[PDB]
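Only one chain comes next, encoded as structure tokens, the form deposited in one PDB entry.
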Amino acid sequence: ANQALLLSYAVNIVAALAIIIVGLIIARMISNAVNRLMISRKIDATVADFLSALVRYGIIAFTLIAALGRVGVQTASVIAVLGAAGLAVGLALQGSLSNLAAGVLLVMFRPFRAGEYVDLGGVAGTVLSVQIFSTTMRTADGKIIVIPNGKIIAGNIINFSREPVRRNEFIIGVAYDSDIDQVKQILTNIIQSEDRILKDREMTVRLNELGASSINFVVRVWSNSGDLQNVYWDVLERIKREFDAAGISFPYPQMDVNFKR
């Protein structure tokens, strides 16, 4: 009938029972509070139940191994296996968390905004919204593309509508017999007659290369980002009309045939 060690053992076992009971009731309270909060807002039944079950099971495991440790059973192996499971689930959630962090960065720094034409890794379209995990944009064709934010933060972000002024690049191919001065002066007159082409920017009309069947002139003109395509179409049509009127010919693929026998 020991009085010191037996009393210590009784204190330990009563403390372990109190620990497990308090852990059970605290897990119940936490689960009830989480269920109340998930009821207070929009949530999915299956995911909410899975999350509450995982939280409750985690708390129950914590209090059970705490009670075992208070009793005197070593729980280092259980802690190691729990750490392994936590590392596995962290590696599993690495992709989702990286997308979330990238979305936070995109919201903060604002590389692009809603209604702003962009090019995120080869796909281009008007941005509609930037969610936490992925942005959604509508292409010029009309289809909706959802791009994860991690793949947006990684790689370049071309922004077409950030700069108010953009440049067109015409590549006109005329025959070798065509007069260089006449071609240059016709193209210069066409560029000057246009009103939506900015005159304070560079207006290049130069002979760019000597091709296989034609000499390729290059025309580079700057215009406001909203008139770029219309200017391109109008200038191309006027180039064709004036070249046809002036006798300048666009050559077909040339070929020299050395006839034998």
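For every residue, the number given is its place in the sequence shown, counted from 1. Throughout, rigid core stands for the largest set of C-alpha atoms superposing within 1.5 Å between the two forms. Shifts are known only where both forms have a C-alpha.
As for the form deposited in another entry, it is not shown, yet the points below apply to it.
- In the overlay on the core between this form and the one not shown, a shift of 2 Å or more in CA position is seen for a single residue of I79, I157, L105, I144, which is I79.
- After superposition on the rigid core, the Cα of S225 moves by less than 2 Å between this form and the one not shown.
- Superposed on the core, the two forms differ at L64: its CA moves 2 Å or more between this form and the one not shown.
- Annotation: Cα of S249 displaced by less than 2 Å between this form and the one not shown, core superposition.
- An increase of at least 3 Å in the separation of the C-alpha atoms of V146 and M38 is found in the other form, compared with the displayed form.
- Legend note: Cα of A45 to Cα of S134 is at least 3 Å closer in the other form than in the depicted form.
- Core-superposed difference between this form and the one not shown: one segment of three or more residues with every CA shifted 2 Å or more, namely 1-94.
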